[PDB]
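Remarks on the structure that follows.
Every read-out reported here was derived from the displayed coordinates using simple, explicitly stated rules and does not represent laboratory data. Heads up, the Cβs are rebuilt from the backbone with ideal geometry, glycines too, and the neighbour counts pull from every protein chain shown.
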Number of protein chains: 4
Amino acid sequence: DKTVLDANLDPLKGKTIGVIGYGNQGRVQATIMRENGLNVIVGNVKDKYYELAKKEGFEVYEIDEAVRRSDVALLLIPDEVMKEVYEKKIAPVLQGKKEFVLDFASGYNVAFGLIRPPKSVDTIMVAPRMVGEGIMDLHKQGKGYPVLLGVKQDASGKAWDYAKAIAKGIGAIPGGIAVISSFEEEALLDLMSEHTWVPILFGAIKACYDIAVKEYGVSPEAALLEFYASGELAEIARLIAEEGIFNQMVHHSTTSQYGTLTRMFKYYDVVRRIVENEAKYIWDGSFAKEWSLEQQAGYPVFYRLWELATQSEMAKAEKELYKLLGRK
Amino acid sequence: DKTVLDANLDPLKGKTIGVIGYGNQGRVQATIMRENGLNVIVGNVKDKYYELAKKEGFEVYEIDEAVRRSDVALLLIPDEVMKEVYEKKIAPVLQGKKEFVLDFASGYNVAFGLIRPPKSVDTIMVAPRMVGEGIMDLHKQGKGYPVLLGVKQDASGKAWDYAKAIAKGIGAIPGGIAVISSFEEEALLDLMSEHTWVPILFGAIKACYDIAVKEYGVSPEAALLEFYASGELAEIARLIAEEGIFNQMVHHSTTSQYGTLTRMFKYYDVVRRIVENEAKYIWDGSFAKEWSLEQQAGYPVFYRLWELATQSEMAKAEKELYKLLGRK
Amino acid sequence: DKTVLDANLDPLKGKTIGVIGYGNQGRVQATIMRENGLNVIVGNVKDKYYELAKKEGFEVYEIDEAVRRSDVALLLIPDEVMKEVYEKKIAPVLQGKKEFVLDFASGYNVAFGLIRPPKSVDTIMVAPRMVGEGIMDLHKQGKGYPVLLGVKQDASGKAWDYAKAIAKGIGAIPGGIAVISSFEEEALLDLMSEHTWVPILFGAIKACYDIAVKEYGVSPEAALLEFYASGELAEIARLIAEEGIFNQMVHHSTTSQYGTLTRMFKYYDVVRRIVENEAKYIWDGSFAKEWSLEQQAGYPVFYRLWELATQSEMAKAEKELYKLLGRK
Amino acid sequence: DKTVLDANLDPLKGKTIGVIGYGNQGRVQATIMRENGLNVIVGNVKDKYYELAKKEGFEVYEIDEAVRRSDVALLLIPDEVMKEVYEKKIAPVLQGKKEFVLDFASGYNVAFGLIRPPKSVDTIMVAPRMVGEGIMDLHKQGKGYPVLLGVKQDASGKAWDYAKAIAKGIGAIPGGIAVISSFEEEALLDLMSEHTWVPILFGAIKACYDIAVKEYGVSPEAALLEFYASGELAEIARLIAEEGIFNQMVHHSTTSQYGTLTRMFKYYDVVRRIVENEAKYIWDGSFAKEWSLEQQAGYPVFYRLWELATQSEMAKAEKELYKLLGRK
Ligand SMILES: NC(=O)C1=CN([C@@H]2O[C@H](COP(=O)(O)OP(=O)(O)OC[C@H]3O[C@@H](n4cnc5c(N)ncnc54)[C@H](O)[C@@H]3O)[C@@H](O)[C@H]2O)C=CC1
Ligand SMILES: NC(=O)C1=CN([C@@H]2O[C@H](COP(=O)(O)OP(=O)(O)OC[C@H]3O[C@@H](n4cnc5c(N)ncnc54)[C@H](O)[C@@H]3O)[C@@H](O)[C@H]2O)C=CC1
Ligand SMILES: NC(=O)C1=CN([C@@H]2O[C@H](COP(=O)(O)OP(=O)(O)OC[C@H]3O[C@@H](n4cnc5c(N)ncnc54)[C@H](O)[C@@H]3O)[C@@H](O)[C@H]2O)C=CC1
Ligand SMILES: NC(=O)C1=CN([C@@H]2O[C@H](COP(=O)(O)OP(=O)(O)OC[C@H]3O[C@@H](n4cnc5c(N)ncnc54)[C@H](O)[C@@H]3O)[C@@H](O)[C@H]2O)C=CC1
Ligand SMILES: O=C(O)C1(C(=O)O)CC1
Ligand SMILES: O=C(O)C1(C(=O)O)CC1
Ligand SMILES: O=C(O)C1(C(=O)O)CC1
Ligand SMILES: O=C(O)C1(C(=O)O)CC1
Ligand SMILES: [Mg+2]
Ligand SMILES: [Mg+2]
Ligand SMILES: [Mg+2]
Ligand SMILES: [Mg+2]
Ligand SMILES: [Mg+2]
Ligand SMILES: [Mg+2]
Ligand SMILES: [Mg+2]
Ligand SMILES: [Mg+2]
């Protein structure tokens, strides 16, 4: 199938590599690669992270100076401002090149056309799915992790070879796997989660609390303990990742199984409709517009919602309680 | 407030205690109490668990023989068959008593009237919220855990004193806390979760998979990795339990925060309606009827759904994949 | 294709066979097989049918005694009570075996999990589609008939070989055919008919009668003669089975063809919706629950409907008329 | 209650005050305060208003120069551009301070997060409800007026003391009153009016005119005279402010009272729904976004609507008429 369990490391040996940033990924992937036998450099904004990077023994020039020396570059930085940074300080230099290769962690800014490098640059993606600390939590075990790979532009007939070369250049395969997928799929997926089941889950919990309290005379403490103040969800998620989502429920009671299955097959259509709506909203590029404008206005809605959420009853009760249990 | 952080241990010292069962709770609570300085006994069906109980040094008679010797009894056994067991082998003996006390882990069978002991028995509840192994995972740390307490019938003016006595008799407070609550609240809560956000979550995930695959040319492996085959959810749940549900999201990107909050406040009404419907269905006693009948018929629906779920596309793909990653 | 026109008879020669029942199928299939050169026995409730079976020269022990002697067993008895009979008088004995094979006529009780034999028994189906008398009405002609075959559990790598062996052991192929199909498909099909076009047909006839009488001043006799008191439908059905459903209509008038076709293509969506609803109701296992409970209550609805139907106007008129025509 | 009828003047005596602007409020409040015995200064854009300010005897430096000298600052300028002005010319200087206090007239830019001063500055509000000329029209009478007060950030445990100090520093209490209220309430209120009853009123008048003319053959002049070209509304509003909204209607005829009351209680739900929608739209921060973007695009909609309104029939007729009556 489309999977790839291991591959070569030929094109990247002999070349210099440009790593932009020393955050979560940047540090991890960079240290890994240095330890994989390659000549690498770092580009960073001269601040605390720069202190830490030069600490760990990585020569760090300015961004553009690291792009002049390298024939490859990894832009391991945020998604909300990368546009301007690329426009001012990277595009000029890049125009001062002929054979180059650029790789990202996310496909947001490219899938939607906010960044359109020239045709003289092979354009690719390599994206994992962790938060970043799990990857050292796996590397010290000598394991490997899974990732997604994509190619946007090939001007060398070699983008895929560089793709798998990089893949092995970060310690994913062998030990994990590597999937090949467009920039578009990656963005679509990373967003669907952030728009569909996470917020639905949270709203459902909030509603259960509000209902139980204001309509059957229950104490906030008990509600919080049942719903999320207990680590039940965490163990469930672990068992899911280990055994399987359904096989997991065998460790539950028959009553729970019955209710859960019935209600699942009873509400599948509604959420399906919702997911359709949101995925369509995304595929078209509307959400990117919405978000970019909300940046350009001053983040008002962001502000007001962050306020409302924290000034809700549930949050205050959680505050009192977490205080009681010593939890910070 | 209604909370209780510590209390006495007076009524239970000098009396014998009857522990019915040696499963997860039974073993844990029983060993704890023995180690808390009390004279205890065990009643069990003579099978593997009986071997393990007599192994760990607990004299174990027959059930009814343990109820004749004890003035207290803890029925630490399932919720689906306990009815018959109480009718045949416990009610007679109990009628052969005057001052007795009975406590449960769950309020299902009592809140709905499937078990109505005489008026010569103080009736109570003590219910934690773990799965059971976390409690030793906390006891070896000398900590304490939270629980719920309830009283159904008082024929001694002392049910609450026995309640807190038991509470401390199992190593919850001091170290955790103890909430007081009817049998009804406990059942309502344990069920709302099993009917509202768990199945909704699962259906949403399933729908995201189905959509992404059958409508945007996406490979199954990537979908599974993004949604649940990765341990993302587990870390999120842990951070929730530690910091707070909302404060958790600070460790995410602004884009995720924005989308999540907007969509949460956008879909809150729908799930609210759903939760209303289900909670009402429960408060009335309809679900208990449904479930009892489904038992009396031969568990057909249970069977067919357990089949359909496992014969779905997502499950088969998860099978192939988990095999690849070595996960059992 | 999946069809099978003939096969072997090897595994069943040398073994003893257990036939449970001497009703329509039991007698027919048993006599056929005896005449096909096999050593067979019979198990039956000692009543009139037992008299008839021992009459026709089949040694008949008790049920369980016939299962102890046989390595195969055919449960040729009803679907509504077979559960208890299997639980009490068959499951014990079967537990007293290692290599066994069990076959049914219908898949109701198995497809829905009301009967779950051990894993040490190959489980199969062989189901024809007649009412039973047509099969002798074909055997004396040396023909063969069609059937469905299914396998639920294979503990021998041989369930299919036994399947076709049995198939030929009853005189179906060669002469007819044999289709392979799950238990589930068989039940689904046998029920869809009993829920979709039969009752719709009957209700349509009833409605035509009621309308014609109470709204255009027509005589009951004429209505009954036109609709069903005449053998028109029978000849139509015969021609359907012989030539084909559509090619049949050539023997009609052009007017009939035109009206029929137009109205058929005009009402196809409605009945489609209905059929969807009912098939879904079945696939899930709800109907089995409904029916089992209606048994457990005392067949009240059954009773009241059997009353209403017979106390309707159409039935009384049919009574008077059939009396006139000498029809019993 | 929350009201405050008079308070102290202690913290502001000995300190210098920074007044930004010399418009309606700026001039009024500044002259008042100077006349209340305080050392004050002015910051202004060097234009006509600057001429007038230096005319009236207020030393006026540049904006930032007035913020360097003052330990307090009052930003008495518009709400639509204040953002940039604060970003460029005020934030730097303010960063060059430790103990500072800032007060506004409106809470728009702060309630929605368009301006977030540091935590080393106590942030407050003092907002009246006039248009500004009424305040001298009251001061020469030695009266006092009502205002709203708010505190956004306290880094001194003294924000409220400065609040009431300022309050008395402008001649409101004693003589009027002072209410305490968040920035949020002030903005919400100032906007609800501008979105709910003003535009509804205007649309109702417009519709009455259009209807009367185009459907019962009436002359424009009469319609205009009845509806608003007469000063009826003004006298009604005055009586409202004086006596009370309802007690006002006693000076009317019984017929008017009856019709008005009935129709009021008959249409209360509709407008309630409308008001809910708009208030919700505001609380969330959507309107601020809308307005900021409409600025960033070039005020197109503003333009087109200002055109349509003036090119309507009613406006032209009003033009002809007001000309007739000599009204400019
Ligand atoms: N939890 C996470 O942060 C994960 C990030 N990703 C993706 O990788 C990218 C981020 O990777 P990380 O660096 O590990 O996360 P991060 O949030 O720590 O990235 C911050 C980095 O960007 C640099 N930076 C910040 N502001 C800058 C500015 N104004 N100008 C120039 N440089 C600036 C900083 O040097 C810093 O190293 C994102 O695009 C994301 O889609 C993928 C998986 C998880
Ligand atoms: N994950 C869990 O199992 C938790 C259980 N509870 C509640 O506690 C009760 C169950 O406690 P556990 O024993 O720890 O769970 P369990 O599922 O391990 O219960 C098995 C025990 O029940 C006894 N038993 C089982 N079948 C029996 C039968 N036919 N006849 C006589 N005795 C039989 C056995 O002695 C066995 O030890 C339930 O009511 C549940 O509501 C509360 C929190 C979590
Ligand atoms: N003729 C029909 O109505 C059709 C029957 N089938 C299927 O075959 C099976 C029945 O086969 P048949 O015997 O030919 O129909 P049947 O209605 O004549 O069944 C009566 C047989 O069941 C046995 N029996 C009845 N009550 C019993 C009891 N309380 N305890 C023990 N044994 C009892 C008797 O030995 C009797 O011979 C059904 O499951 C049906 O799904 C399939 C095609 C047509
Ligand atoms: N009738 C009104 O306009 C009232 C105003 N308010 C609130 O008070 C504030 C306005 O108060 P006023 O000064 O009396 O109204 P205003 O409209 O006369 O304010 C204009 C002032 O802002 C200065 N200014 C204008 N454009 C500038 C620019 N590009 N750069 C720097 N400075 C500029 C001018 O020097 C002028 O003094 C607003 O925030 C409003 O919410 C409250 C009650 C009524
Ligand atoms: O909600 C609960 O605590 C569970 C139960 O079976 O009672 C584990 C699912
Ligand atoms: O910000 C992202 O990209 C997250 C993801 O879905 O992987 C953490 C939320
Ligand atoms: O209904 C009838 O009798 C038919 C006719 O053509 O008249 C044969 C169909
Ligand atoms: O509309 C009018 O002129 C009023 C009347 O009573 O006629 C005063 C209200
Ligand atoms: Mg994301
Ligand atoms: Mg993600
Ligand atoms: Mg439960
Ligand atoms: Mg629970
Ligand atoms: Mg049938
Ligand atoms: Mg049939
Ligand atoms: Mg305003
Ligand atoms: Mg106003």
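A few remarks follow.
- Evaluating 6.51 cos²θ - 1.76 cosθ + 1.60 at θ = phi - 60° for every residue in the range A:61-73, the Karplus couplings come out as 8, 5, 3, 4, 5, 6, 7, 5, 7, 8, 9, 10, 8 Hz, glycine and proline recorded as x.
- Prolate/oblate/rounded label for the protein assembly as shown (Cα gyration tensor, a/c 1.5): prolate
- Listed residue pairs exceeding 26 Å between alpha carbons, taken from A:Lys206/D:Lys266; A:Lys206/C:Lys289; D:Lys206/D:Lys323; A:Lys152/B:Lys266: A:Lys206/D:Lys266; A:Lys206/C:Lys289; A:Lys152/B:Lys266
- In order along the range D:212-229, phi translates into HN-Hα couplings of 3, 6, 7, 9, 9, x, 9, 7, x, 4, 4, 4, 4, 4, 5, 7, 9, 4 Hz, rounded to whole numbers, per the Karplus curve 6.51 cos²θ - 1.76 cosθ + 1.60 with θ = phi - 60° and x for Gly and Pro.
- Counting every other Cβ atom within 10 Å of each residue's Cβ, B:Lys319, C:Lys280 order from fewest to most as C:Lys280, B:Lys319.
- Candidate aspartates and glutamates - alpha carbon under 20 Å from D:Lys319, same-chain residues fewer than 8 apart omitted: D:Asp210, D:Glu221, D:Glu226, D:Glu232, D:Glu307
- Under the convention that each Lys and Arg Cβ holds +1 and each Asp and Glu Cβ holds -1, the size of the dipole of chain A around its Cα centre is about 620 debye.
- Secondary structure note: in chain D, about 25% of the DSSP beta bridges are antiparallel.
- In terms of its C-alpha gyration tensor, the range A:182-328 comes out oblate, because a/c is 1.5 or above while a/b does not outweigh b/c.
- The range D:95-113 versus the range D:118-161: alpha-carbon centroid distance in Å: 13
- Taking every DSSP bridge with both residues inside the range B:80-185, close to 45 percent are antiparallel.
- For the rotation that carries chain D onto chain C, the axis lies closest to a Cβ at D:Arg273, 19, where the number is the distance in whole Å.
- Under the Karplus curve 6.51 cos²θ - 1.76 cosθ + 1.60, θ = phi - 60°, whole-Hz ³J(HN,Hα) for the range B:294-309, x wherever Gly or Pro sits: 4, 5, 5, 9, x, 6, x, 4, 2, 4, 5, 6, 4, 6, 3, 4
- For the range C:169-247: rounded, prolate or oblate by the Cα gyration tensor [a/c cutoff 1.5]: prolate
- Of the trypsin sites (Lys or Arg not before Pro) found in the range D:64-124, the ones in coil according to DSSP and having at most 10 other Cβ atoms within 10 Å of their Cβ are D:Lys98, D:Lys119.
- Cβ neighbours within 10 Å from other chains - mean over B:268-278: 6
- Normalising the average separation of contacting C-alpha pairs (under 8 angstrom, six or more residues apart) by the number of residues puts the relative contact order of the range B:182-328 at 30 percent.
- Separation between Cα centres of the range D:226-285 and the range B:250-328, rounded to whole Å: 52
- Comment: the Cα-to-Cβ extended label point of A:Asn39, at 7 Å, lies 6.8, 8.5, 8.8 nm from its counterparts in the other copies, nearest first.
- Note on B:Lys266 and D:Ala309: with the Förster distance fixed at 35 Å, the Cβ-Cβ geometry gives a FRET efficiency of about 0.55.
- Spacing of the two label points (7 Å from each Cα toward its C-beta) at C:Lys206 and D:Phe246, in nm: 6.3
- Under 5 Å, built H, 5+ apart or other chain: amide partners of C:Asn39: C:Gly14
- Nearest 10 degrees, 0 to 90: helix C:268-283 Cα axis against chain C principal axis: 30
- Expected-Rg normalisation [2.2 N^0.38 Å, Cα atoms] applied to chain A: 1.17
- For the segment C:111-121, counting C-beta atoms of other chains within 10 Å of every residue's C-beta and taking the mean gives 3.
- Measuring r between the beta carbons of D:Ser253 and D:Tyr281 and using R0 = 45 Å, the FRET efficiency lands at 0.70.
- Considering helices alone, the calculated mean residue ellipticity of chain C at 222 nm is -15500 deg cm²/dmol, with DSSP H runs of length four and up weighted by -39500 (n - 2.57) and normalised per residue.
- Of the trypsin sites (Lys or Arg not before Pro) found in the range A:123-165, those that fall in a DSSP loop while having at most 11 other beta-carbon atoms within 10 Å are A:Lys140.
- With 18 Å as the limit on Cα-Cα distance, the pairs of C:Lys55/C:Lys140; A:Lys2/B:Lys328; D:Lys15/D:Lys97 that go past it are C:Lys55/C:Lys140; A:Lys2/B:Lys328.
- Built amide H within the under 5 Å cut-off of D:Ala178, gap 5+: D:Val4, D:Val147
- Between D:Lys158 and A:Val93, the simple spin-label model (points 7 angstrom out along Cα→Cβ) gives 5.1 nm.
- Summary for A:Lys13: label point 7 Å along Cα→Cβ; distances to the equivalent points in the other copies, ascending, 6.9, 7.4, 8.5 nm.
- Inter-chain neighbour count for B:217-224: the average number of beta-carbon atoms from partner chains within 10 Å of each residue's beta-carbon is 6.
- Distances from D:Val218 to itself in the other copies, using label points 7 Å out along the Cα-Cβ axis, amount to 5.9, 6.1, 6.5 nm in increasing order.
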